[PDB]
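Step one of this worksheet: look at the structure below.
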Amino acid sequence: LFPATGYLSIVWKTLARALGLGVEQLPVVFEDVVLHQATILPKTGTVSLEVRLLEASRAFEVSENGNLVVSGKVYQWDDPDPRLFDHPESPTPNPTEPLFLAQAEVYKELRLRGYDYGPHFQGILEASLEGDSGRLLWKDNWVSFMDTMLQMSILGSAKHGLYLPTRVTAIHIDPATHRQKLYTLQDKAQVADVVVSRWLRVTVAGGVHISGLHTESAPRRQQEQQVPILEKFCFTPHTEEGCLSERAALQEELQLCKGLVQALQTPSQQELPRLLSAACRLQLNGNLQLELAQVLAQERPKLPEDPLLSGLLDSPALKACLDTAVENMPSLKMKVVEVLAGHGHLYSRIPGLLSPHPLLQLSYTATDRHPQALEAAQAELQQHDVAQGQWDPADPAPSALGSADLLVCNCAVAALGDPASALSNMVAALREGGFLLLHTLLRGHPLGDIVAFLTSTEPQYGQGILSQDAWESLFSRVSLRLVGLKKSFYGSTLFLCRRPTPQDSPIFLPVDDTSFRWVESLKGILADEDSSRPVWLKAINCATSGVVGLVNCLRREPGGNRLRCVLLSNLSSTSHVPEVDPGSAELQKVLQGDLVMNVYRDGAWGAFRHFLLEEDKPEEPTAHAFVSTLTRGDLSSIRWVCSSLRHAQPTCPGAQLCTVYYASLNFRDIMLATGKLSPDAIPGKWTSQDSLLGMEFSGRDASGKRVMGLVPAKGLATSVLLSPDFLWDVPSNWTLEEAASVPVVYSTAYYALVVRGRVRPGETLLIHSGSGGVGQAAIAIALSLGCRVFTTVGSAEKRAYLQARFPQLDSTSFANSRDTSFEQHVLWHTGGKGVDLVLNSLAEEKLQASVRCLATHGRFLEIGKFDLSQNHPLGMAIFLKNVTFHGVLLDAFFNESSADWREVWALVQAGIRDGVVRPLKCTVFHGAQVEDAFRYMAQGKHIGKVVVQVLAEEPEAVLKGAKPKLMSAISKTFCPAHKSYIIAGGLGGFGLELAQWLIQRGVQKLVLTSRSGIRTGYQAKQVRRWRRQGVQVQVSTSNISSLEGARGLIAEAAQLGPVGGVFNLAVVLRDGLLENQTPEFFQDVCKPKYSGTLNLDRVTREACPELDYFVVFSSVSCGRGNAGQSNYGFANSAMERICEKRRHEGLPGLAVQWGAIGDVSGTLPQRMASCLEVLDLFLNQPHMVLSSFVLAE
Amino acid sequence: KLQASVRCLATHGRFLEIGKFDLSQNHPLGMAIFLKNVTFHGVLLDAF
Ligand SMILES: NC(=O)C1=CN([C@@H]2O[C@H](COP(=O)(O)OP(=O)(O)OC[C@H]3O[C@@H](n4cnc5c(N)ncnc54)[C@H](OP(=O)(O)O)[C@@H]3O)[C@@H](O)[C@H]2O)C=CC1
Ligand SMILES: NC(=O)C1=CN([C@@H]2O[C@H](COP(=O)(O)OP(=O)(O)OC[C@H]3O[C@@H](n4cnc5c(N)ncnc54)[C@H](OP(=O)(O)O)[C@@H]3O)[C@@H](O)[C@H]2O)C=CC1
């Protein structure tokens, strides 16, 4: 974006030219600078700005393509006053200056805020912890200097989000005094001082003076260019049974097929059952199903879509098998080539499932008997790297393909002819090792035999359907070995065979030493370049071993292609302890498989794998929830999410929690939901960025008494906490549906008229928008006194409605609100005097018309927000007529001024008693149709107030119930306000932000552990701000590495309050290739991650009964492997085992595998906001280990 | 002076204008102050 101070330089140079001087001798004054639209400089091309000066009027103008950009007054400073730039009298001399922000810390804070300033705009050499005094670097440009002054202004503020200059009241510049104010640092760089004074609203730096700076929230670009791919790391046994037994749709499909088969031997909405029905209508025995036999070949192209046939592919089994294939690949590049692609259609699936791998180079070709088929979807092939080729199973593989890594057939649907020839040709073609992925049906199960019957063609071999032992023996003939099998309920299977590679006797290295002495041994073994004996690591004793990460990190390292691991980690303490010995048969088979990863958990032989996590947002039953716009400006994203009111069981008499039967929608809510209004324009440091919907409700108090109240926000919910001073007692005659409409509209009407306009009987007043709630309340109040009322409406039906509701009105008391014609009406019917009170919720051109209607001694009440927000001019000449221009904002009561509110409360109550306060009309929607209500109000045809029925009303006056009915709202993480939370290494770059997240989510008692304590300005600023907010932060030096340290840390947390959460973010990095590593390096790297987490586990099992969160952060190096981080991998992989073993028992546990963190591999850094949102997602899942990274490009 | 004095107004402030020049010249008045509850009074005792 073009800097706001950039326009200043342009206009300044224009004036200098017009005066015949230069910038270096033209002290200048700006006044009433208004920035209208932000200009977005393009990547290529240029943008043209023209500056026109009205010298006589001392006004300028900046325009772009005929559109106004900036406007204001610029004139020379005739007689500069050097003392104007003196640093204003300060409240504190600030002598100590103990800690301060350096450039890196200040711009890290700014970047977290949203600003992405680069080098040329980085000028704040250092700043105070409050952003009130600083030291600004001086290059020879003014744009950067003034932009840095504005950056200093922004830095110290407490608000969040992106704020940009919109209005400035006065700027004074004096280059001579500026050059007199600069000075040289100990280096050769020039520098100037800056002071920000919020009390006086002035920023002074050198020969510049910014006063009256106004900044307004800017909508986020909603680009969300980062979409992290999220996976779950779960154990996966090599052999599985009943793969799809969980599903019932496939069960119903098979039931229908079984019924059709019984009909044959004793809906047609899916391919296989429809073909079965086609057989049924005819006689299978008669004519040898000649007609159907001809029709049998017709359906084969559409046959694979059958959900029964393609169930295994859709299941995670295919992903697991492909992941196993890629893991054993010696390098990051793989070669795979289909066979019989014209029927298997695996080209669609395999490339997609392998995409999440960040560093996978894939070569794919679809090989078919006849090109006439694969040409059918050639276009659908081009977008992917899938190549083209002609090949037959019986024929030998052309040397073009030759050594192949992976071979996918899907013969379950494709016709493989003779299995012997196909297997022979393939296994010969396959590279030594490699993999042969085959998907075929089986005999000995209903679907297989049914299809076999249906087939009338030899080449399919009944679709090549044999018994499981038949396939196993055939594999035996071709010398392959099975390293994968996945049976399915409906009989389909998924084999994965690996052509063996001859190997010498492996070298076994136990890895159970506690001192990491084996690191020397493994290094020595791997040193030898000329050798191929594969090392087989053993991790038998410690189930908290992390050899998986060690292996992954070492595969990429030199000579790492000869590394295999065997770990025996059983979560259940009562499982069989395997005998892994050179003579043991179990070791014989596991070594025969020639598979890198071999973990034996709870009686099985599998390997950890990755799987894409379900995208659905977790949902839970919950009494307390609120309406949230998960994406601003998209009413279709409305939904119900959990609320912090679930906590706060004890409550002081000052507040009391109330159920919400009917919640109203006011116009502010529509503006917020549509995005036309920011979430920070409302007073009160809400900080949620959402949940600011709803201002009034009608429900029942805790005691069961009926009530209606007004709240600053969060009224659209199933519960609402507020002080009793903002509640009224709905009378017996009315109904809660009616009571929802009274509060806000009548309170604002009374406060505007009686308390501000001090209206009296016999007065004439103009009330705009008569049909609206405020209009109707004002009309009802006015006529009760006995006033004469003019109203403006937008249609004839609204005139009819107002006439029906208010009989006292007459045809002469209505005007038009869509034009400025009402001015003439009011002036004519009033005799030209005008009106006394005016209530104006209207826009610019119409607001001026209202001012012309005021009579002498009139009073203009402004309840709108557009002209006031944009700072439009108001001619003072109207005041020569005795006139009071009021500005009414009812929301000012919630923040402060509680003494005045009781007056409005009493006025409203008196009106309700007397009968003046009569409920408006209500168009009631339901709890599940909140979006419908929002859209209906957006249309604007509503007369009366839209309402939402959260719950129905019982007949009785009092019920003294316990809790409302339970609904289903998106689950989100909130924490009690009476529990403590521990963040090991909480002063690091990540951990301060995790605390900030926790503090925003309710945490009041926090403990941060760090070896060196507070040591930087950023940490001091953060801790001071949190303590000022009222949080009992407490920094401890307890090192969780030793058990004494863990016990002490938990003791401190308990003394502060019961321990609820434990987050371990401690990290010490000692990077290096295996050749340069040492045992002590591994010890140091594993102290905080592996020993600390074990000690936390022990201490929490001993003395933490109310704990609900146990989170430990890992890295993708453990999962995807990384070269030169072996110690990091071993430390992290060992953490995951503890978390997994905690959940099998029942205790909380969760380990996150992050990618790269940006704000504080082949994957881009992930911004902090996305990280925290994804983290909020992960704390609700039922899983153990989870991952999050953003793929490159 | 008048524009400087407006900015001194606090929340729920009240401005009394017993002057006449700025009113007679119909000089502009920024309406952004009314976002703070503020009443602008034009006091003319000649009207009684
Ligand atoms: N700070 C304060 O003191 C408070 C401020 N207010 C403001 O005062 C006003 C009171 O109105 P409110 O109670 O919200 O009533 P509504 O928003 O329900 O109605 C607003 C009025 O504006 C017109 N209108 C409504 N919807 C549309 C639309 N979609 N398109 C065009 N015109 C429309 C109608 O008049 P017409 O028939 O002429 O179309 C209608 O009577 C609002 O501007 C509100 O923001 C309200 C209370 C507190
Ligand atoms: N790119 C990234 O940042 C990624 C990070 N992660 C995860 O995030 C975390 C990194 O934390 P982050 O703050 O960013 O890293 P930093 O290195 O910036 O901070 C680490 C913190 O841990 C503290 N610490 C280390 N060992 C101990 C110990 N024995 N006792 C007490 N405190 C200790 C350090 O104390 P001191 O200040 O004295 O040094 C420091 O405060 C790890 O859990 C890691 O797995 C993983 C993936 C991506």
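Residue numbering restarts at 1 in every chain; chains get A, B, ... in the order shown in the structure tokens, and ligands count up from 1 in that same order.
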Within 6 Å of chain A, which residues of chain B are there when counting only C-alpha atoms? Please give them as a list in words.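 So the residues of chain B near chain A are residues 23, 24, 26, 27, 28, 29, 30, 31, 32, 34, 37, 38, 39, 40, 41 and 42 of chain B.
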Using only C-alpha atoms and all ligand atoms, tabulate the residues of chain A lying at most 6 Å from any atom of ligand 2, each with its closest atom pair and that distance in Å to one decimal, by chain and increasing residue number, as JSON lines.
{"residue": "A:984", "atom": "CA", "partner": "ligand 2", "partner_atom_place_in_ligand_line": "32 (N)", "distance": 5.7}
{"residue": "A:985", "atom": "CA", "partner": "ligand 2", "partner_atom_place_in_ligand_line": "23 (C)", "distance": 3.5}
{"residue": "A:986", "atom": "CA", "partner": "ligand 2", "partner_atom_place_in_ligand_line": "41 (O)", "distance": 5.6}
{"residue": "A:987", "atom": "CA", "partner": "ligand 2", "partner_atom_place_in_ligand_line": "41 (O)", "distance": 4.5}
{"residue": "A:988", "atom": "CA", "partner": "ligand 2", "partner_atom_place_in_ligand_line": "13 (O)", "distance": 3.4}
{"residue": "A:989", "atom": "CA", "partner": "ligand 2", "partner_atom_place_in_ligand_line": "13 (O)", "distance": 4.3}
{"residue": "A:990", "atom": "CA", "partner": "ligand 2", "partner_atom_place_in_ligand_line": "13 (O)", "distance": 3.8}
{"residue": "A:991", "atom": "CA", "partner": "ligand 2", "partner_atom_place_in_ligand_line": "13 (O)", "distance": 5.4}
{"residue": "A:1009", "atom": "CA", "partner": "ligand 2", "partner_atom_place_in_ligand_line": "31 (C)", "distance": 5.5}
{"residue": "A:1010", "atom": "CA", "partner": "ligand 2", "partner_atom_place_in_ligand_line": "32 (N)", "distance": 3.9}
{"residue": "A:1011", "atom": "CA", "partner": "ligand 2", "partner_atom_place_in_ligand_line": "38 (O)", "distance": 3.9}
{"residue": "A:1012", "atom": "CA", "partner": "ligand 2", "partner_atom_place_in_ligand_line": "38 (O)", "distance": 4.3}
{"residue": "A:1039", "atom": "CA", "partner": "ligand 2", "partner_atom_place_in_ligand_line": "30 (N)", "distance": 4.2}
{"residue": "A:1040", "atom": "CA", "partner": "ligand 2", "partner_atom_place_in_ligand_line": "30 (N)", "distance": 5.6}
{"residue": "A:1041", "atom": "CA", "partner": "ligand 2", "partner_atom_place_in_ligand_line": "29 (N)", "distance": 5.4}
{"residue": "A:1065", "atom": "CA", "partner": "ligand 2", "partner_atom_place_in_ligand_line": "43 (O)", "distance": 3.6}
{"residue": "A:1066", "atom": "CA", "partner": "ligand 2", "partner_atom_place_in_ligand_line": "22 (O)", "distance": 3.3}
{"residue": "A:1067", "atom": "CA", "partner": "ligand 2", "partner_atom_place_in_ligand_line": "25 (C)", "distance": 4.3}
{"residue": "A:1068", "atom": "CA", "partner": "ligand 2", "partner_atom_place_in_ligand_line": "25 (C)", "distance": 5.3}
{"residue": "A:1087", "atom": "CA", "partner": "ligand 2", "partner_atom_place_in_ligand_line": "29 (N)", "distance": 5.9}
{"residue": "A:1088", "atom": "CA", "partner": "ligand 2", "partner_atom_place_in_ligand_line": "29 (N)", "distance": 4.1}
{"residue": "A:1113", "atom": "CA", "partner": "ligand 2", "partner_atom_place_in_ligand_line": "43 (O)", "distance": 3.9}
{"residue": "A:1114", "atom": "CA", "partner": "ligand 2", "partner_atom_place_in_ligand_line": "45 (O)", "distance": 3.7}
{"residue": "A:1115", "atom": "CA", "partner": "ligand 2", "partner_atom_place_in_ligand_line": "47 (C)", "distance": 3.9}
{"residue": "A:1154", "atom": "CA", "partner": "ligand 2", "partner_atom_place_in_ligand_line": "47 (C)", "distance": 4.2}
{"residue": "A:1155", "atom": "CA", "partner": "ligand 2", "partner_atom_place_in_ligand_line": "48 (C)", "distance": 4.8}
{"residue": "A:1156", "atom": "CA", "partner": "ligand 2", "partner_atom_place_in_ligand_line": "1 (N)", "distance": 3.9}
{"residue": "A:1157", "atom": "CA", "partner": "ligand 2", "partner_atom_place_in_ligand_line": "1 (N)", "distance": 4.2}
Which residues come within 10 Å of residue A:956, counting only C-alpha atoms, excluding same-chain residues fewer than 5 positions away, as an NGL selection string? :A and (704-706)
How would you report the residues lying within 8 Å of ligand 1, as a ChimeraX atom specification, if you count only C-alpha atoms and all ligand atoms? /A:666-668,744-745,748-749,752,768-775,792-795,798,816-818,840-842,862-865,888-891,937-945
Atomic separation - atom CA of residue A:463 relative to atom CA of residue A:279, Å: 17.8 Å
Can you pull out every residue within 12 Å of residue A:1054, counting only C-alpha atoms, but drop anything in the same chain fewer than 4 positions away, and send it as a list in words?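 Selected residues are residues 978, 979, 980, 981, 982, 1005, 1006, 1007, 1047, 1048, 1049, 1050, 1058, 1059, 1060, 1061, 1099, 1100, 1103, 1104, 1105, 1106 and 1107 of chain A.
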Filtering to N, CA and C atoms, could you give me those residues as an mmCIF file, in the first residue's frame?
data_model
loop_
_atom_site.group_PDB
_atom_site.id
_atom_site.type_symbol
_atom_site.label_atom_id
_atom_site.label_comp_id
_atom_site.auth_asym_id
_atom_site.auth_seq_id
_atom_site.Cartn_x
_atom_site.Cartn_y
_atom_site.Cartn_z
ATOM 1 N N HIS A 978 -10.316 -20.907 37.940
ATOM 2 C CA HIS A 978 -9.797 -21.242 39.261
ATOM 3 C C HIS A 978 -8.779 -22.375 39.213
ATOM 4 N N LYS A 979 -8.236 -22.679 38.037
ATOM 5 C CA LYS A 979 -7.227 -23.714 37.876
ATOM 6 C C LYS A 979 -5.940 -23.101 37.346
ATOM 7 N N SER A 980 -4.820 -23.736 37.672
ATOM 8 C CA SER A 980 -3.508 -23.293 37.230
ATOM 9 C C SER A 980 -3.068 -24.085 36.006
ATOM 10 N N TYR A 981 -2.143 -23.499 35.252
ATOM 11 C CA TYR A 981 -1.661 -24.090 34.013
ATOM 12 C C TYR A 981 -0.160 -23.887 33.918
ATOM 13 N N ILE A 982 0.551 -24.939 33.530
ATOM 14 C CA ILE A 982 2.007 -24.955 33.499
ATOM 15 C C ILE A 982 2.454 -25.045 32.051
ATOM 16 N N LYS A 1005 -4.479 -18.109 36.151
ATOM 17 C CA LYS A 1005 -3.320 -18.484 36.954
ATOM 18 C C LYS A 1005 -2.381 -19.282 36.064
ATOM 19 N N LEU A 1006 -1.199 -18.736 35.809
ATOM 20 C CA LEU A 1006 -0.277 -19.288 34.833
ATOM 21 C C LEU A 1006 1.109 -19.396 35.449
ATOM 22 N N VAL A 1007 1.830 -20.448 35.070
ATOM 23 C CA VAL A 1007 3.196 -20.676 35.524
ATOM 24 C C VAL A 1007 4.055 -20.958 34.303
ATOM 25 N N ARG A 1047 8.340 -32.125 40.589
ATOM 26 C CA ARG A 1047 7.534 -32.045 41.801
ATOM 27 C C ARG A 1047 7.447 -30.611 42.300
ATOM 28 N N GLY A 1048 8.562 -29.882 42.277
ATOM 29 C CA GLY A 1048 8.525 -28.494 42.707
ATOM 30 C C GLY A 1048 7.643 -27.634 41.824
ATOM 31 N N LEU A 1049 7.714 -27.845 40.509
ATOM 32 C CA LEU A 1049 6.898 -27.064 39.589
ATOM 33 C C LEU A 1049 5.416 -27.311 39.836
ATOM 34 N N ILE A 1050 5.034 -28.581 39.977
ATOM 35 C CA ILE A 1050 3.632 -28.885 40.236
ATOM 36 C C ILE A 1050 3.217 -28.363 41.603
ATOM 37 N N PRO A 1058 -5.317 -25.346 41.744
ATOM 38 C CA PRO A 1058 -5.283 -26.731 41.258
ATOM 39 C C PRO A 1058 -4.807 -26.809 39.816
ATOM 40 N N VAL A 1059 -3.938 -27.779 39.551
ATOM 41 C CA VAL A 1059 -3.298 -27.898 38.247
ATOM 42 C C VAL A 1059 -4.290 -28.494 37.262
ATOM 43 N N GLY A 1060 -4.460 -27.830 36.123
ATOM 44 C CA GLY A 1060 -5.396 -28.290 35.119
ATOM 45 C C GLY A 1060 -4.741 -28.665 33.809
ATOM 46 N N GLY A 1061 -3.652 -27.997 33.463
ATOM 47 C CA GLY A 1061 -3.002 -28.227 32.187
ATOM 48 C C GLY A 1061 -1.499 -28.232 32.332
ATOM 49 N N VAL A 1099 4.607 -37.065 37.993
ATOM 50 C CA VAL A 1099 4.108 -36.148 39.009
ATOM 51 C C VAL A 1099 2.615 -35.917 38.838
ATOM 52 N N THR A 1100 2.135 -35.883 37.594
ATOM 53 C CA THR A 1100 0.712 -35.675 37.370
ATOM 54 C C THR A 1100 -0.090 -36.912 37.744
ATOM 55 N N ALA A 1103 -0.003 -36.509 41.877
ATOM 56 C CA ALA A 1103 -0.634 -35.407 42.603
ATOM 57 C C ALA A 1103 -1.300 -34.417 41.650
ATOM 58 N N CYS A 1104 -2.091 -34.919 40.705
ATOM 59 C CA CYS A 1104 -2.875 -34.055 39.821
ATOM 60 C C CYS A 1104 -4.176 -34.761 39.475
ATOM 61 N N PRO A 1105 -5.224 -34.573 40.290
ATOM 62 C CA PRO A 1105 -6.485 -35.284 40.042
ATOM 63 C C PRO A 1105 -7.410 -34.581 39.061
ATOM 64 N N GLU A 1106 -7.312 -33.255 38.964
ATOM 65 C CA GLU A 1106 -8.228 -32.463 38.154
ATOM 66 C C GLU A 1106 -7.625 -32.062 36.813
ATOM 67 N N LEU A 1107 -6.517 -32.682 36.420
ATOM 68 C CA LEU A 1107 -5.866 -32.331 35.168
ATOM 69 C C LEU A 1107 -6.728 -32.750 33.985
#
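The residue that comes closest to residue A:725, out of A:898, A:569, A:1032, A:784 and on the basis of only C-alpha atoms, is A:898.
Atom CA of residue A:121 is positioned 9.6 Å from atom CA of residue A:151.
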Would you return as JSON, numbers by chain the members of stretch 609-750 of chain A that DSSP assigns to helix (DSSP H, G or I) on this structure's backbone? {"A": [635, 636, 637, 644, 645, 646, 667, 668, 669, 670, 671, 672, 673, 674, 724, 725, 726, 736, 737, 738, 739, 742, 743, 744, 745, 746, 747, 748, 749, 750]}
Polymer residues at most 8 Å from residue A:114, only C-alpha atoms, same-chain spacing of 3 or more positions, as an MDAnalysis selection string: chainID A and resid 110:111 161:162
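Between atom CA of residue A:160 and atom CA of residue A:625 the interatomic distance comes to 24.8 Å.
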Return the single residue from A:251, A:391, A:612, A:467 that is closest to residue A:490, with distances computed using only C-alpha atoms.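 Checking each candidate against residue A:490, we get A:251 as the closest.
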Considering only C-alpha atoms, state which residue in the set A:211, A:747, A:687, A:269 is at the smallest distance from residue B:4.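 Among A:211, A:747, A:687, A:269, it is A:211 that comes nearest to residue B:4.
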